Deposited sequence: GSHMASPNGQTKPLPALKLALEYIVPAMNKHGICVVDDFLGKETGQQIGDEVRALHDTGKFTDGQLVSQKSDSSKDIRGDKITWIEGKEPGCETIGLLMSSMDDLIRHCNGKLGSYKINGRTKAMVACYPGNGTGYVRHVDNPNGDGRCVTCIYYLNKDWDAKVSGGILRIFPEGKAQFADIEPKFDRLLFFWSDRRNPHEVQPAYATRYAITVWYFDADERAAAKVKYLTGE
């Protein structure tokens, strides 16, 4: 009953991303797996593993590789994301996607926290696609806010993305999609991975010193 990943990628994600630069897949993993991911994320939060995401942003974050004890289902989510990008078979724009970040697990801990309008990759750092999975059971922005508002370039209207349970979102990471997280009034969780274009990443426009 769920669309197979290969068909989902080729028949929907590829055409939607090339047409709109934004693509939402609802009901990505199903209730049982979405809930397990929630349990794993709440466990990370409750045992104090998050740090300040940073005013520009009021989220708390941690990075997950996917093999850590207690993170097996998050690892399943990450491999499911990777499978979708592989099935896209180079058809997302002209990018040569060969890598990605670890998963960024993020919490906006209610109390009106959010993220001011920003571009993920404004300086050519190689990130081409942002992939976010939301895991907020019964989230309703009418009560709890927390909408992701995207302002796609060339378009007059904005795109509001509620951080709905089991919702997968893709969007170009570059200046085409400035976006903001509106104030959140309940605990809002999301997991993001960014995918890299091989060539842009190799141009080393950003040097990280330590």
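Student: Which residue ranges of the deposited sequence are not present in the modelled coordinates?
Tutor: Gaps in the modelled chain, taken against the deposited sequence, lie at 1-11, 66-75, 232-233.
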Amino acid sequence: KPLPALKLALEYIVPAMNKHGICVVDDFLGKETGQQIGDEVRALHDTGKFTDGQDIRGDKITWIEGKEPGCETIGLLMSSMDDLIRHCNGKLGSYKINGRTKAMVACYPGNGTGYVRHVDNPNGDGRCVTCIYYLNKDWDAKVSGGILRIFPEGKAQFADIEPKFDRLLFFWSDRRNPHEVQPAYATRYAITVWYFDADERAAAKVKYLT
From here on, numbers count along this sequence of modelled residues.
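Student: Averaging C-alpha B-factors over each stretch, which comes out higher, 109-117 or 70-78?
Tutor: Taking the mean C-alpha B-factor of 109-117 and of 70-78, the larger value falls to 70-78.
Student: Test of understanding: from the entry's C-alpha B-factors, which stretch has the higher mean, 149-157 or 180-188?
Tutor: Taking the mean B-factor of the alpha carbons in each, 149-157 is higher.
Student: What third of its chain's C-alpha B-factors does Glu162 belong to: lowest, middle or highest?
Tutor: For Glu162, the deposited C-alpha B-factor lands in the lowest third.
Student: Quick one: classify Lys137 as lowest, middle or highest third of the chain based on its Cα B-factor.
Tutor: Answer is highest: the recorded C-alpha B-factor places it there.
Student: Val143's Cα B-factor: lowest, middle or highest third of the chain?
Tutor: It falls in the middle third of the chain.
Student: Report the third (lowest, middle or highest) to which the CA temperature factor of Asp174 belongs, ranking only the modelled residues of the same chain.
Tutor: Lowest third - that is where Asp174 ends up once the chain's C-alpha B-factors are sorted.
Student: What third of the chain does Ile37 rank in for C-alpha temperature factor, lowest, middle or highest?
Tutor: CA B-factor rank for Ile37: middle third.
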